[PDB]
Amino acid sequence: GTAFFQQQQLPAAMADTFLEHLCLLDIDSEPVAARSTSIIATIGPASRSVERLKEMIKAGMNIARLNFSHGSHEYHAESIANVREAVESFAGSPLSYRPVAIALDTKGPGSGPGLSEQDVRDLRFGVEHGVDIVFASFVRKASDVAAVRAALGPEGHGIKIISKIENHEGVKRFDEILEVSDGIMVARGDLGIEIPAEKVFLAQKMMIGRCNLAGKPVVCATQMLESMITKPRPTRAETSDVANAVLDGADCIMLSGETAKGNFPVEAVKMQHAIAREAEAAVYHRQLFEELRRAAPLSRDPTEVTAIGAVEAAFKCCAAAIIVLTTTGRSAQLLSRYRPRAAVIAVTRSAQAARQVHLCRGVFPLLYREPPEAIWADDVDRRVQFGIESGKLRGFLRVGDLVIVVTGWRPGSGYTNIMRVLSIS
């Protein structure tokens, strides 16, 4: 229909140049796709209530950040319990349940040269309380990441390490840091004090570009909607900053004081949701996909080969979604790195992987709770149907839509190798 091609900035998407793409952006072209950039909300006195946490989950919070610069271990254990209680209050409806990750943001090294003694204790607390992600403060070199990994011990091997780049040395040694990290946070607060404030946008754009090239998550952080700590509506510069972080290629956007201590935590999450959805439709996928493909090296990994084939197929048919089965999140991450317009619906039995895949743009995790079927092919089919039923309930899919289904040839992680074109019935 003609109505379909007028929505989600599709006239601007078909433009032959980036300049013509800008000229065709339309304020009346409504977003249809689900919001793909994850929202990280910092927990604090304004967002610790179990009832308030339920509202923030409904507003779109995907990752709850625990800032270990404030409060004791007892305070953070209560924050974790409250987040889990609010998240699990929706588990009674499996088709709409939204996993929420818990990230531990370290206090940092301070005047020390590396991992502080308080950080070693906090990291151990994180492993004992089952946190999903660590946002490691003031990462300056690859050995800082190795120290965090060692402090997590053998029980914390599955925790994702997102290195925070906060100073000149971190920016200069970025490549070596990214190589050993799971992802990066552009920590603009400290970065804007360590380097001239007028240069922060260059460091942000460079780091986002390099993370997009590497296929690793990147988070944009600090003062994105700062005035909403006290005001019900943000400034024109703040809405612009959120939109531009998404357009730059950020996988996640963050709220700090806006959700930790402000008077509008739910509204700040709703505002980031609304802006991100508009900005995602305005992405010039024609150039972005071409450049990501051209820059990505040749691969003999079947998961990577299936992912690029699936993303190409999704663009060819305007697929509503790519449904992928994943144990660790890796198959969903490899689809996400090619920035499809189609939502990546990731079905997993791992509660931890379901929480962690929020780090990857456009990955919508679905936690499958049913025990395995005796026939493996039936178990695979039941999970694909669960993805379809959840997608229909949530508005991602309708009867008549085309979907790309990504699975593997045997049970266990690492064997994705099949892409299938399915019509929704």
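Basically, rigid core = biggest C-alpha set you can superpose within 1.5 Å across the two forms. Sequential numbering from 1, following the sequence displayed.
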Stretch with greater C-alpha deviation in 8 other deposited structures of this protein, 393 to 401 versus 370 to 378 (rigid core superposition): 370 to 378
Comparing against the shown form in 8 other deposited structures of this protein, which stretch has the larger RMS C-alpha deviation after a rigid core superposition, 127 to 135 or 92 to 100? 92 to 100
Per the record, averaged over C-alpha atoms, which has the higher B-factor: 234 to 242 or 106 to 114? 106 to 114
Given 248 to 256 and 132 to 140, the range whose Cα B-factors average higher in the PDB entry: 132 to 140
So among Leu53, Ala41, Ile27, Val363, who wins on Cα B-factor in the entry? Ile27
Candidate set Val87, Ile184, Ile193, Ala221 [ranked by C-alpha B-factor, highest]: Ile193
Among all modelled residues of this chain, ranked by Cα B factor, put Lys216 in the bottom, middle or top third, i.e. lowest, middle or highest. lowest
Entry-reported C-alpha B-factor of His358 relative to its chain, by third, is lowest
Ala332: CA B-factor among chain residues, third -> lowest
Please rank the C-alpha B-factors of the chain's modelled residues and tell me whether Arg398 sits in the lowest, middle or highest third. highest
What third of its chain's C-alpha B-factors does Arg35 belong to: lowest, middle or highest? middle
